[PDB]
Amino acid sequence: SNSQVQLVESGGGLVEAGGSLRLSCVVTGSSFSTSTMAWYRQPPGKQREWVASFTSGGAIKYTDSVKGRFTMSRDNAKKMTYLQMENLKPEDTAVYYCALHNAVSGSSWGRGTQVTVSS
Amino acid sequence: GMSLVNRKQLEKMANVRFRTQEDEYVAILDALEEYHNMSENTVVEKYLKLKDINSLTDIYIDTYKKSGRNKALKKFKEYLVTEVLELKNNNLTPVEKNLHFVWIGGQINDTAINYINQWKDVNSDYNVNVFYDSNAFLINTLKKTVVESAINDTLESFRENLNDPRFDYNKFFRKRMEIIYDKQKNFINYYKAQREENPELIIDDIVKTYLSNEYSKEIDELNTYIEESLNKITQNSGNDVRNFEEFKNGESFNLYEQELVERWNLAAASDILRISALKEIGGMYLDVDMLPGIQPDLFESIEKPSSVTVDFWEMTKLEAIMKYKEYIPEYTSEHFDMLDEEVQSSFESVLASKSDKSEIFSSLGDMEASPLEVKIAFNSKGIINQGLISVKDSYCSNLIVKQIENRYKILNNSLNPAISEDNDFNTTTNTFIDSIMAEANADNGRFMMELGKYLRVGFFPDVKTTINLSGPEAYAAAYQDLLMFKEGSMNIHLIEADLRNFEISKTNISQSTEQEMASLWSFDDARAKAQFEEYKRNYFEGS
């Protein structure tokens with residue numbers, strides 16, 4: 001892993017079913033613009049699962065259960081990524097983590113931000 | 001008698017009773033007679049006469065395919081070859097005292113500097129050139145940026161298929177290149193548009209703006225890197241290619257820039273520059289990972305243990321020197337530390353009895369060579385252009401330059417139209433190969449096979465195009481050109497014993513260095529697979 005890259009996620013909390021929430025992540029270091037950014041989540045009792053990715057080449061992907069509801073974006077200048085979540089469901093409750101993936105300089109992860117959806 | 005047969009001698013051996021002397025035969029005899037009256041001429045003039053004799057002989061054999069004298073004339077042709085080697089060995093002129101190194105496309109590292117300094121330390125009578133390009137310090141940065149980004153894009157598409165056996169290293173390199181090629185096209189189209197708009201722009205101007213626009217790099221940081229790169233090289237015998245007028249104005253410059261700007265192949269651009277530099281100036285070219293020859297009798301009191309190879313032993317010698325003399329900081333000792341204490345003490349004792357660096361490394365001193373030749377280094381795999389010796393404007397240096405230009409002419413004739421169609425990597429490849437294959441024959445078959453992989457150079461396993469284009473094969477071809485009294489050899493039939501006629505003495509270079517032995521890595525399928533596997537591990541860490 002790359003120790004010279006730090007990620008800090010924010011924006012988590014308690015939200016009502018059908019509500020919207022935006023997570024942010026700020027990244028340090030010099031590899032952002034040539035790396036892939038990804039969001040993951042670890043729901044209670046289950047293993048961590050992949051949510052979305054946005055490559056340095058500009059390709060966006062989403063896990064099926066989230067397609068049409070979540071929107072991931074990235075900003076090379078600010079070195080930030082965002083996950084806009086809409087029409088939130090109880091099964092979306094999890095700790096959400098962000099990762100920078102780099103095959104050359106290595107990958108780094110944040111410590112995550114908890115999201116709870118009521119119902 | 002070693003001397004070439006005279007006219008009377010040829011007349012006897014090529015005699016056929018009851019056959020009149022044809023005009024084409026007399027022409028040979030005339031030229032042979034002329035050759036023996038040329039004792040006061042130059043070596044090159046003598047060679048050109050021998051070339052004319054060989055040509056006239058070939059014309060005879062071709063005109064009279066049934067002639068009884070053909071057998072003798074074929075033997076005579078063998079004698080001509082021997083005479084060339086005799087001419088080569090017997091007429092030597094001083095080699096200009098220049099050491100040529102090349103470091104283009106990025107900042108020179110400390111290890112290269114440290115190696116170069118070893119040569120400087122024991123060759124104070126030699127001028128040292130470290131060729132660089134003041135316009136193009138960012139090429140390596142550009143390549144690394146494009147390639148790294150492409151790797152990361154590619155691996156993302158593998159995310160859900162990591163246990164799928166179809167998603168192998170072959171797929172990885174194929175998918176990666178689709179992206180690399182698209183970016184290379186994007187860049188070169190930008191470069192050309194920028195040049196058209198403002199012809200004052202240099203490579204680094206266009207690269208830094210490209211990097212800022214495309215990958216959000218900071219111009220300020222790139223400017224600092226350029227400054228630091230320029231300062232470091234100029235303080236270490238830097239010689240700017242942009243001031244090398246003969247090179248810039250010749251037929252190799254566009255090939256240099258093709259490799260530098262279009263393909264981002266710094267090794268190939270270095271291949272093109274080095275031999276042009278040698279031709280124009282004379283001296284000795286060295287790769288930055290070569291070290292001066294060790295004094296022959298230095299370690300004669302230490303005999304080699306039976307449990308280690310010659311290559312292990314040669315590496316050990318250098319490692320012992322660096323352990324106790326510390327000429328190069330941080331030099332490895334991994335091979336030295338594997339030895340018994342009895343011999344480790346034997347190394348320490350010998351080196352303790354020595355005071356000056358001049359007792360450890362030999363000096364090049366007054367060197368001489370034939371005006372005909374370029375001398376080349378050998379390793380276990382044959383000739384390698386990591387070491388070259390030539391007098392200024394040697395006949396062979398000219399032959400090598402022309403080989404490379406001709407090879408590129410064949411390449412570009414097919415490649416440029418293919419690229420211009422503006423299709424993707426795979427389609428371009430297919431178009432290009434189809435074109436190349438239409439010009440393949442029995443003479444150029446193996447060469448054309450490798451040429452067809454040109455666009456893959458540096459990005460895929462099992463690509464040997466560079467060696468076939470600007471590397472050792474071009475040298476072998478030039479040597480064949482010399483010995484066969486022709487130009488444009490494509491089908492190399494020379495073997496080791498033939499090429500050993502042009503070898504650099506083992507006393508003049510230490511090849512078994514830490515930096516060299518680490519760069520003997522060959523990019524084969526096994527290495528490619530391992531690289532893919534390492535990339536995946538790094539990329540998917542976490543989950």
# chains A, B, ... in the order shown; residues from 1 in each chain; ligands from 1
call {"tool": "residues_around", "arguments": {"residues": "region 83-91 of chain A", "least_positions_apart": "4", "cutoff": "12 Å", "atoms": "only C-alpha atoms", "output": "PDB file with N, CA, C and O atoms, in the first residue's frame"}}
result
ATOM      1  N   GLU A   9     -12.913  10.232   4.333  1.00  0.00           N
ATOM      2  CA  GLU A   9     -14.313  10.257   3.935  1.00  0.00           C
ATOM      3  C   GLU A   9     -15.121  11.026   4.975  1.00  0.00           C
ATOM      4  O   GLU A   9     -14.767  11.049   6.154  1.00  0.00           O
ATOM      5  N   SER A  10     -16.218  11.644   4.518  1.00  0.00           N
ATOM      6  CA  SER A  10     -17.136  12.347   5.401  1.00  0.00           C
ATOM      7  C   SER A  10     -18.542  12.337   4.807  1.00  0.00           C
ATOM      8  O   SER A  10     -18.726  11.962   3.649  1.00  0.00           O
ATOM      9  N   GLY A  11     -19.524  12.737   5.627  1.00  0.00           N
ATOM     10  CA  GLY A  11     -20.882  12.981   5.170  1.00  0.00           C
ATOM     11  C   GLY A  11     -21.877  11.917   5.629  1.00  0.00           C
ATOM     12  O   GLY A  11     -23.071  12.044   5.375  1.00  0.00           O
ATOM     13  N   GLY A  12     -21.383  10.871   6.303  1.00  0.00           N
ATOM     14  CA  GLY A  12     -22.236   9.801   6.796  1.00  0.00           C
ATOM     15  C   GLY A  12     -23.189  10.278   7.890  1.00  0.00           C
ATOM     16  O   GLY A  12     -23.105  11.419   8.346  1.00  0.00           O
ATOM     17  N   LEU A  14     -27.346   9.304   9.984  1.00  0.00           N
ATOM     18  CA  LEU A  14     -28.650   8.663   9.948  1.00  0.00           C
ATOM     19  C   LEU A  14     -29.541   9.418   8.965  1.00  0.00           C
ATOM     20  O   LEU A  14     -29.602  10.644   8.999  1.00  0.00           O
ATOM     21  N   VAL A  15     -30.215   8.666   8.088  1.00  0.00           N
ATOM     22  CA  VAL A  15     -31.050   9.243   7.045  1.00  0.00           C
ATOM     23  C   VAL A  15     -32.316   8.395   6.904  1.00  0.00           C
ATOM     24  O   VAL A  15     -32.288   7.192   7.153  1.00  0.00           O
ATOM     25  N   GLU A  16     -33.430   9.039   6.530  1.00  0.00           N
ATOM     26  CA  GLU A  16     -34.712   8.354   6.410  1.00  0.00           C
ATOM     27  C   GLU A  16     -34.771   7.633   5.064  1.00  0.00           C
ATOM     28  O   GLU A  16     -34.128   8.062   4.108  1.00  0.00           O
ATOM     29  N   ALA A  17     -35.546   6.540   5.008  1.00  0.00           N
ATOM     30  CA  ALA A  17     -35.775   5.799   3.778  1.00  0.00           C
ATOM     31  C   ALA A  17     -36.339   6.733   2.709  1.00  0.00           C
ATOM     32  O   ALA A  17     -37.241   7.523   2.984  1.00  0.00           O
ATOM     33  N   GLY A  18     -35.772   6.645   1.499  1.00  0.00           N
ATOM     34  CA  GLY A  18     -36.186   7.474   0.379  1.00  0.00           C
ATOM     35  C   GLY A  18     -35.436   8.803   0.321  1.00  0.00           C
ATOM     36  O   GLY A  18     -35.615   9.578  -0.616  1.00  0.00           O
ATOM     37  N   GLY A  19     -34.593   9.055   1.330  1.00  0.00           N
ATOM     38  CA  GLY A  19     -33.839  10.296   1.409  1.00  0.00           C
ATOM     39  C   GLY A  19     -32.583  10.269   0.543  1.00  0.00           C
ATOM     40  O   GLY A  19     -32.267   9.254  -0.079  1.00  0.00           O
ATOM     41  N   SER A  20     -31.884  11.409   0.505  1.00  0.00           N
ATOM     42  CA  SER A  20     -30.631  11.537  -0.221  1.00  0.00           C
ATOM     43  C   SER A  20     -29.501  11.863   0.752  1.00  0.00           C
ATOM     44  O   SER A  20     -29.728  12.469   1.798  1.00  0.00           O
ATOM     45  N   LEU A  21     -28.285  11.442   0.385  1.00  0.00           N
ATOM     46  CA  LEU A  21     -27.086  11.707   1.162  1.00  0.00           C
ATOM     47  C   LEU A  21     -25.884  11.755   0.222  1.00  0.00           C
ATOM     48  O   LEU A  21     -25.782  10.958  -0.711  1.00  0.00           O
ATOM     49  N   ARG A  22     -24.974  12.697   0.485  1.00  0.00           N
ATOM     50  CA  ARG A  22     -23.772  12.826  -0.321  1.00  0.00           C
ATOM     51  C   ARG A  22     -22.541  12.579   0.541  1.00  0.00           C
ATOM     52  O   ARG A  22     -22.331  13.275   1.532  1.00  0.00           O
ATOM     53  N   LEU A  23     -21.734  11.589   0.144  1.00  0.00           N
ATOM     54  CA  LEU A  23     -20.459  11.350   0.797  1.00  0.00           C
ATOM     55  C   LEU A  23     -19.354  12.046   0.006  1.00  0.00           C
ATOM     56  O   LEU A  23     -19.437  12.163  -1.216  1.00  0.00           O
ATOM     57  N   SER A  24     -18.335  12.521   0.731  1.00  0.00           N
ATOM     58  CA  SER A  24     -17.160  13.147   0.146  1.00  0.00           C
ATOM     59  C   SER A  24     -15.918  12.399   0.608  1.00  0.00           C
ATOM     60  O   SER A  24     -15.941  11.750   1.651  1.00  0.00           O
ATOM     61  N   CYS A  25     -14.847  12.498  -0.188  1.00  0.00           N
ATOM     62  CA  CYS A  25     -13.542  11.994   0.201  1.00  0.00           C
ATOM     63  C   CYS A  25     -12.455  12.916  -0.346  1.00  0.00           C
ATOM     64  O   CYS A  25     -12.456  13.256  -1.528  1.00  0.00           O
ATOM     65  N   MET A  37     -10.350   5.719  -8.634  1.00  0.00           N
ATOM     66  CA  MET A  37     -11.020   5.902  -7.355  1.00  0.00           C
ATOM     67  C   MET A  37     -12.206   4.941  -7.280  1.00  0.00           C
ATOM     68  O   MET A  37     -12.882   4.707  -8.285  1.00  0.00           O
ATOM     69  N   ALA A  38     -12.449   4.386  -6.083  1.00  0.00           N
ATOM     70  CA  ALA A  38     -13.557   3.463  -5.877  1.00  0.00           C
ATOM     71  C   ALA A  38     -14.214   3.698  -4.518  1.00  0.00           C
ATOM     72  O   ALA A  38     -13.550   4.091  -3.555  1.00  0.00           O
ATOM     73  N   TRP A  39     -15.531   3.445  -4.463  1.00  0.00           N
ATOM     74  CA  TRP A  39     -16.276   3.386  -3.215  1.00  0.00           C
ATOM     75  C   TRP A  39     -16.691   1.947  -2.938  1.00  0.00           C
ATOM     76  O   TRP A  39     -17.033   1.202  -3.860  1.00  0.00           O
ATOM     77  N   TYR A  40     -16.652   1.588  -1.652  1.00  0.00           N
ATOM     78  CA  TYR A  40     -17.068   0.292  -1.150  1.00  0.00           C
ATOM     79  C   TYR A  40     -17.992   0.523   0.042  1.00  0.00           C
ATOM     80  O   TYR A  40     -18.129   1.654   0.507  1.00  0.00           O
ATOM     81  N   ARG A  41     -18.615  -0.557   0.530  1.00  0.00           N
ATOM     82  CA  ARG A  41     -19.403  -0.501   1.754  1.00  0.00           C
ATOM     83  C   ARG A  41     -19.361  -1.855   2.457  1.00  0.00           C
ATOM     84  O   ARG A  41     -19.300  -2.898   1.809  1.00  0.00           O
ATOM     85  N   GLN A  42     -19.364  -1.811   3.793  1.00  0.00           N
ATOM     86  CA  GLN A  42     -19.421  -3.015   4.607  1.00  0.00           C
ATOM     87  C   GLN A  42     -20.704  -2.982   5.427  1.00  0.00           C
ATOM     88  O   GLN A  42     -20.779  -2.292   6.443  1.00  0.00           O
ATOM     89  N   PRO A  43     -21.762  -3.702   4.988  1.00  0.00           N
ATOM     90  CA  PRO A  43     -23.021  -3.744   5.729  1.00  0.00           C
ATOM     91  C   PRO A  43     -22.841  -4.588   6.989  1.00  0.00           C
ATOM     92  O   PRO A  43     -21.951  -5.438   7.039  1.00  0.00           O
ATOM     93  N   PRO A  44     -23.645  -4.357   8.056  1.00  0.00           N
ATOM     94  CA  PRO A  44     -23.505  -5.114   9.303  1.00  0.00           C
ATOM     95  C   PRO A  44     -23.692  -6.613   9.076  1.00  0.00           C
ATOM     96  O   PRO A  44     -24.650  -7.032   8.428  1.00  0.00           O
ATOM     97  N   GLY A  45     -22.730  -7.399   9.574  1.00  0.00           N
ATOM     98  CA  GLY A  45     -22.798  -8.851   9.523  1.00  0.00           C
ATOM     99  C   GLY A  45     -22.251  -9.440   8.223  1.00  0.00           C
ATOM    100  O   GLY A  45     -21.962 -10.635   8.167  1.00  0.00           O
ATOM    101  N   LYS A  46     -22.115  -8.600   7.187  1.00  0.00           N
ATOM    102  CA  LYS A  46     -21.659  -9.047   5.879  1.00  0.00           C
ATOM    103  C   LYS A  46     -20.255  -8.510   5.601  1.00  0.00           C
ATOM    104  O   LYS A  46     -19.791  -7.583   6.261  1.00  0.00           O
ATOM    105  N   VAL A  51     -18.948  -0.773  -4.630  1.00  0.00           N
ATOM    106  CA  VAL A  51     -20.124   0.042  -4.901  1.00  0.00           C
ATOM    107  C   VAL A  51     -20.012   0.740  -6.258  1.00  0.00           C
ATOM    108  O   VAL A  51     -20.933   0.654  -7.070  1.00  0.00           O
ATOM    109  N   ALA A  52     -18.898   1.450  -6.485  1.00  0.00           N
ATOM    110  CA  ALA A  52     -18.726   2.273  -7.672  1.00  0.00           C
ATOM    111  C   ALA A  52     -17.242   2.537  -7.908  1.00  0.00           C
ATOM    112  O   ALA A  52     -16.444   2.468  -6.975  1.00  0.00           O
ATOM    113  N   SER A  53     -16.888   2.843  -9.167  1.00  0.00           N
ATOM    114  CA  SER A  53     -15.523   3.221  -9.502  1.00  0.00           C
ATOM    115  C   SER A  53     -15.522   4.262 -10.618  1.00  0.00           C
ATOM    116  O   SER A  53     -16.444   4.308 -11.431  1.00  0.00           O
ATOM    117  N   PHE A  54     -14.468   5.089 -10.632  1.00  0.00           N
ATOM    118  CA  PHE A  54     -14.288   6.138 -11.623  1.00  0.00           C
ATOM    119  C   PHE A  54     -12.803   6.187 -11.976  1.00  0.00           C
ATOM    120  O   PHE A  54     -11.987   6.604 -11.155  1.00  0.00           O
ATOM    121  N   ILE A  60     -16.937   5.157 -15.599  1.00  0.00           N
ATOM    122  CA  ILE A  60     -17.714   5.042 -14.375  1.00  0.00           C
ATOM    123  C   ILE A  60     -18.440   3.702 -14.392  1.00  0.00           C
ATOM    124  O   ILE A  60     -19.028   3.319 -15.407  1.00  0.00           O
ATOM    125  N   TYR A  62     -20.931   0.979 -11.660  1.00  0.00           N
ATOM    126  CA  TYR A  62     -21.705   0.816 -10.440  1.00  0.00           C
ATOM    127  C   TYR A  62     -22.078  -0.649 -10.248  1.00  0.00           C
ATOM    128  O   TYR A  62     -22.262  -1.378 -11.220  1.00  0.00           O
ATOM    129  N   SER A  65     -27.092  -3.241  -7.602  1.00  0.00           N
ATOM    130  CA  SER A  65     -28.087  -2.892  -6.595  1.00  0.00           C
ATOM    131  C   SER A  65     -28.174  -1.381  -6.384  1.00  0.00           C
ATOM    132  O   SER A  65     -29.024  -0.913  -5.627  1.00  0.00           O
ATOM    133  N   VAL A  66     -27.321  -0.626  -7.085  1.00  0.00           N
ATOM    134  CA  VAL A  66     -27.135   0.790  -6.815  1.00  0.00           C
ATOM    135  C   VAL A  66     -27.350   1.611  -8.090  1.00  0.00           C
ATOM    136  O   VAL A  66     -27.538   2.826  -8.030  1.00  0.00           O
ATOM    137  N   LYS A  67     -27.347   0.930  -9.240  1.00  0.00           N
ATOM    138  CA  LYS A  67     -27.515   1.567 -10.536  1.00  0.00           C
ATOM    139  C   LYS A  67     -28.822   2.357 -10.581  1.00  0.00           C
ATOM    140  O   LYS A  67     -29.879   1.847 -10.225  1.00  0.00           O
ATOM    141  N   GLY A  68     -28.724   3.613 -11.027  1.00  0.00           N
ATOM    142  CA  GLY A  68     -29.882   4.478 -11.186  1.00  0.00           C
ATOM    143  C   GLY A  68     -30.160   5.320  -9.944  1.00  0.00           C
ATOM    144  O   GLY A  68     -30.977   6.240  -9.992  1.00  0.00           O
ATOM    145  N   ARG A  69     -29.465   5.006  -8.839  1.00  0.00           N
ATOM    146  CA  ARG A  69     -29.706   5.658  -7.560  1.00  0.00           C
ATOM    147  C   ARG A  69     -28.471   6.446  -7.129  1.00  0.00           C
ATOM    148  O   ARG A  69     -28.607   7.557  -6.625  1.00  0.00           O
ATOM    149  N   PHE A  70     -27.279   5.861  -7.312  1.00  0.00           N
ATOM    150  CA  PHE A  70     -26.046   6.509  -6.886  1.00  0.00           C
ATOM    151  C   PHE A  70     -25.338   7.148  -8.079  1.00  0.00           C
ATOM    152  O   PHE A  70     -25.416   6.643  -9.201  1.00  0.00           O
ATOM    153  N   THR A  71     -24.636   8.257  -7.806  1.00  0.00           N
ATOM    154  CA  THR A  71     -23.829   8.960  -8.790  1.00  0.00           C
ATOM    155  C   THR A  71     -22.458   9.263  -8.188  1.00  0.00           C
ATOM    156  O   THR A  71     -22.360   9.999  -7.209  1.00  0.00           O
ATOM    157  N   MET A  72     -21.411   8.690  -8.792  1.00  0.00           N
ATOM    158  CA  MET A  72     -20.038   8.938  -8.383  1.00  0.00           C
ATOM    159  C   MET A  72     -19.421   9.990  -9.302  1.00  0.00           C
ATOM    160  O   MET A  72     -19.652   9.987 -10.509  1.00  0.00           O
ATOM    161  N   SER A  73     -18.628  10.891  -8.710  1.00  0.00           N
ATOM    162  CA  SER A  73     -17.877  11.877  -9.468  1.00  0.00           C
ATOM    163  C   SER A  73     -16.473  12.021  -8.885  1.00  0.00           C
ATOM    164  O   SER A  73     -16.210  11.586  -7.761  1.00  0.00           O
ATOM    165  N   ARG A  74     -15.574  12.634  -9.666  1.00  0.00           N
ATOM    166  CA  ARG A  74     -14.208  12.873  -9.223  1.00  0.00           C
ATOM    167  C   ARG A  74     -13.704  14.198  -9.785  1.00  0.00           C
ATOM    168  O   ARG A  74     -14.120  14.617 -10.863  1.00  0.00           O
ATOM    169  N   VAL A  95     -20.967   0.861   6.602  1.00  0.00           N
ATOM    170  CA  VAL A  95     -19.831   1.769   6.604  1.00  0.00           C
ATOM    171  C   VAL A  95     -19.311   1.871   5.170  1.00  0.00           C
ATOM    172  O   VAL A  95     -18.958   0.859   4.568  1.00  0.00           O
ATOM    173  N   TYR A  96     -19.275   3.098   4.638  1.00  0.00           N
ATOM    174  CA  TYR A  96     -18.809   3.360   3.284  1.00  0.00           C
ATOM    175  C   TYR A  96     -17.354   3.817   3.323  1.00  0.00           C
ATOM    176  O   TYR A  96     -17.008   4.709   4.101  1.00  0.00           O
ATOM    177  N   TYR A  97     -16.514   3.184   2.491  1.00  0.00           N
ATOM    178  CA  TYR A  97     -15.093   3.485   2.419  1.00  0.00           C
ATOM    179  C   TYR A  97     -14.725   3.886   0.994  1.00  0.00           C
ATOM    180  O   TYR A  97     -15.325   3.402   0.033  1.00  0.00           O
ATOM    181  N   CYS A  98     -13.705   4.739   0.877  1.00  0.00           N
ATOM    182  CA  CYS A  98     -13.166   5.140  -0.413  1.00  0.00           C
ATOM    183  C   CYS A  98     -11.745   4.595  -0.546  1.00  0.00           C
ATOM    184  O   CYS A  98     -11.019   4.499   0.445  1.00  0.00           O
ATOM    185  N   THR A 113     -16.991   6.064   6.559  1.00  0.00           N
ATOM    186  CA  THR A 113     -18.027   6.886   7.162  1.00  0.00           C
ATOM    187  C   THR A 113     -19.317   6.065   7.201  1.00  0.00           C
ATOM    188  O   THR A 113     -19.710   5.476   6.193  1.00  0.00           O
ATOM    189  N   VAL A 115     -23.227   5.005   7.421  1.00  0.00           N
ATOM    190  CA  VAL A 115     -24.518   5.442   6.917  1.00  0.00           C
ATOM    191  C   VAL A 115     -25.579   4.481   7.451  1.00  0.00           C
ATOM    192  O   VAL A 115     -25.464   3.272   7.271  1.00  0.00           O
ATOM    193  N   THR A 116     -26.594   5.031   8.126  1.00  0.00           N
ATOM    194  CA  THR A 116     -27.738   4.250   8.574  1.00  0.00           C
ATOM    195  C   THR A 116     -29.003   4.812   7.931  1.00  0.00           C
ATOM    196  O   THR A 116     -29.249   6.017   7.991  1.00  0.00           O
ATOM    197  N   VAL A 117     -29.785   3.923   7.304  1.00  0.00           N
ATOM    198  CA  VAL A 117     -31.051   4.281   6.684  1.00  0.00           C
ATOM    199  C   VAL A 117     -32.191   3.675   7.504  1.00  0.00           C
ATOM    200  O   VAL A 117     -32.240   2.461   7.686  1.00  0.00           O
ATOM    201  N   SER A 118     -33.091   4.541   7.988  1.00  0.00           N
ATOM    202  CA  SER A 118     -34.183   4.167   8.877  1.00  0.00           C
ATOM    203  C   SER A 118     -35.281   3.445   8.105  1.00  0.00           C
ATOM    204  O   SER A 118     -35.591   3.826   6.974  1.00  0.00           O
ATOM    205  N   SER A 119     -35.818   2.395   8.746  1.00  0.00           N
ATOM    206  CA  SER A 119     -37.064   1.701   8.437  1.00  0.00           C
ATOM    207  C   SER A 119     -37.024   0.280   9.016  1.00  0.00           C
ATOM    208  O   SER A 119     -36.774  -0.654   8.230  1.00  0.00           O
TER     209      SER A 119
END
call {"tool": "interface_residues", "arguments": {"of": "chain B", "to": "chain A", "cutoff": "9 Å", "atoms": "only C-alpha atoms", "output": "PyMOL selection string"}}
result
chain B and resi 145-146+148-153+155-156+179+215-217+534-543
call {"tool": "write_last_selection", "arguments": {"atoms": "N, CA and C atoms", "output": "CSV table (one decimal), in the first residue's frame"}}
result
chain,number,residue,atom,x,y,z
B,145,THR,N,3.4,8.5,-17.3
B,145,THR,CA,2.0,9.0,-16.9
B,145,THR,C,1.0,8.3,-17.7
B,146,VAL,N,1.2,8.2,-19.1
B,146,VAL,CA,0.2,7.6,-20.0
B,146,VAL,C,0.1,6.1,-19.6
B,148,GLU,N,0.9,4.4,-16.8
B,148,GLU,CA,0.4,4.1,-15.5
B,148,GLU,C,-1.1,4.2,-15.5
B,149,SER,N,-1.6,5.3,-16.1
B,149,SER,CA,-3.0,5.6,-16.2
B,149,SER,C,-3.7,4.5,-16.9
B,150,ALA,N,-3.1,4.0,-18.0
B,150,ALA,CA,-3.6,3.0,-18.9
B,150,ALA,C,-3.7,1.6,-18.1
B,151,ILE,N,-2.7,1.3,-17.3
B,151,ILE,CA,-2.7,0.1,-16.5
B,151,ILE,C,-3.9,0.1,-15.5
B,152,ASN,N,-4.1,1.3,-14.9
B,152,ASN,CA,-5.1,1.4,-13.9
B,152,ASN,C,-6.5,1.3,-14.5
B,153,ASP,N,-6.7,2.0,-15.7
B,153,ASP,CA,-8.0,1.9,-16.4
B,153,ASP,C,-8.2,0.4,-16.7
B,155,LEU,N,-7.1,-2.5,-15.4
B,155,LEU,CA,-7.3,-3.4,-14.3
B,155,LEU,C,-8.7,-3.2,-13.7
B,156,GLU,N,-9.2,-2.0,-13.8
B,156,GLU,CA,-10.6,-1.7,-13.3
B,156,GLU,C,-11.6,-2.6,-14.1
B,179,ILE,N,-5.5,1.5,-25.1
B,179,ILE,CA,-5.6,2.8,-24.4
B,179,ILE,C,-4.3,3.6,-24.7
B,215,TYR,N,-3.7,15.4,-17.6
B,215,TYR,CA,-3.5,14.6,-16.4
B,215,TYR,C,-3.3,15.5,-15.2
B,216,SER,N,-3.7,16.8,-15.3
B,216,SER,CA,-3.8,17.8,-14.2
B,216,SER,C,-2.4,17.9,-13.5
B,217,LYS,N,-1.3,17.8,-14.2
B,217,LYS,CA,0.0,18.0,-13.7
B,217,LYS,C,0.2,19.5,-13.6
B,534,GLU,N,1.9,-8.8,-10.5
B,534,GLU,CA,2.3,-7.8,-9.5
B,534,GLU,C,1.4,-6.6,-9.6
B,535,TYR,N,1.1,-6.2,-10.8
B,535,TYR,CA,0.2,-5.1,-11.0
B,535,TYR,C,-1.2,-5.3,-10.3
B,536,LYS,N,-1.7,-6.5,-10.5
B,536,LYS,CA,-3.0,-6.9,-10.0
B,536,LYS,C,-3.0,-6.9,-8.4
B,537,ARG,N,-1.9,-7.4,-7.8
B,537,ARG,CA,-1.8,-7.4,-6.4
B,537,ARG,C,-1.8,-6.0,-5.8
B,538,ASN,N,-1.0,-5.1,-6.4
B,538,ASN,CA,-0.9,-3.7,-6.0
B,538,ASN,C,-2.3,-3.1,-6.1
B,539,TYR,N,-2.9,-3.3,-7.2
B,539,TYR,CA,-4.1,-2.6,-7.6
B,539,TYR,C,-5.3,-2.9,-6.7
B,540,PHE,N,-5.4,-4.2,-6.4
B,540,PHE,CA,-6.6,-4.7,-5.8
B,540,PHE,C,-6.4,-4.8,-4.2
B,541,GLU,N,-5.3,-4.3,-3.7
B,541,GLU,CA,-5.0,-4.4,-2.3
B,541,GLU,C,-6.1,-3.6,-1.5
B,542,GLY,N,-6.4,-4.2,-0.4
B,542,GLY,CA,-7.7,-4.0,0.3
B,542,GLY,C,-8.7,-5.0,-0.3
B,543,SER,N,-9.7,-4.5,-1.0
B,543,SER,CA,-10.5,-5.4,-1.9
B,543,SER,C,-10.7,-4.7,-3.2
call {"tool": "select_by_dssp", "arguments": {"residues": "chain A", "states": "helix (DSSP H, G or I)", "output": "JSON, numbers by chain"}}
result
{"A": [32, 33, 34, 64, 65, 66, 90, 91, 92]}
call {"tool": "residues_around", "arguments": {"residues": "region 515-518 of chain B", "least_positions_apart": "5", "cutoff": "9 Å", "atoms": "only C-alpha atoms", "output": "tab-separated table (two decimals) with C-alpha atoms, in the first residue's frame"}}
result
chain	number	residue	atom	x	y	z
B	111	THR	CA	24.06	5.65	-10.31
B	288	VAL	CA	26.18	4.10	-18.44
B	289	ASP	CA	26.10	0.67	-16.77
B	290	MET	CA	29.58	-0.28	-18.01
B	315	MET	CA	30.63	-10.03	-10.48
call {"tool": "residues_around", "arguments": {"residues": "residue 28 (chain A)", "least_positions_apart": "2", "cutoff": "8 Å", "atoms": "only C-alpha atoms", "output": "PyMOL selection string"}}
result
chain A and resi 4-7+26+30+79
call {"tool": "closest_residue", "arguments": {"among": "B:327, B:475, B:502, B:158", "to": "residue 369 (chain B)", "atoms": "only C-alpha atoms"}}
result
B:502
call {"tool": "residues_around", "arguments": {"residues": "residue 395 (chain B)", "least_positions_apart": "4", "cutoff": "10 Å", "atoms": "only C-alpha atoms", "output": "VMD selection string"}}
result
chain B and resid 43 to 44 47 279 370 to 374 390 to 391 399 to 400 478 482
call {"tool": "select_by_dssp", "arguments": {"residues": "region 23-208 of chain B", "states": "strand (DSSP E or B)", "output": "number ranges by chain"}}
result
B: 93-94, 98-102, 127-132
call {"tool": "residues_around", "arguments": {"residues": "residue 50 (chain B)", "least_positions_apart": "6", "cutoff": "9 Å", "atoms": "only C-alpha atoms", "output": "PyMOL selection string"}}
result
chain B and resi 31-32+35+80-81+83-84+485
call {"tool": "write_last_selection", "arguments": {"atoms": "C-alpha atoms", "output": "short mmCIF file (atom, residue, chain, number, x, y, z; two decimals), in the first residue's frame"}}
result
data_model
loop_
_atom_site.label_atom_id
_atom_site.label_comp_id
_atom_site.auth_asym_id
_atom_site.auth_seq_id
_atom_site.Cartn_x
_atom_site.Cartn_y
_atom_site.Cartn_z
CA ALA B 31 41.79 -4.44 -61.33
CA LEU B 32 43.83 -7.02 -59.37
CA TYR B 35 45.37 -3.18 -56.45
CA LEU B 80 39.42 -11.12 -51.13
CA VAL B 81 37.60 -11.45 -47.79
CA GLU B 83 42.62 -9.59 -47.62
CA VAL B 84 40.05 -7.20 -46.09
CA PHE B 485 31.70 -5.81 -50.51
#
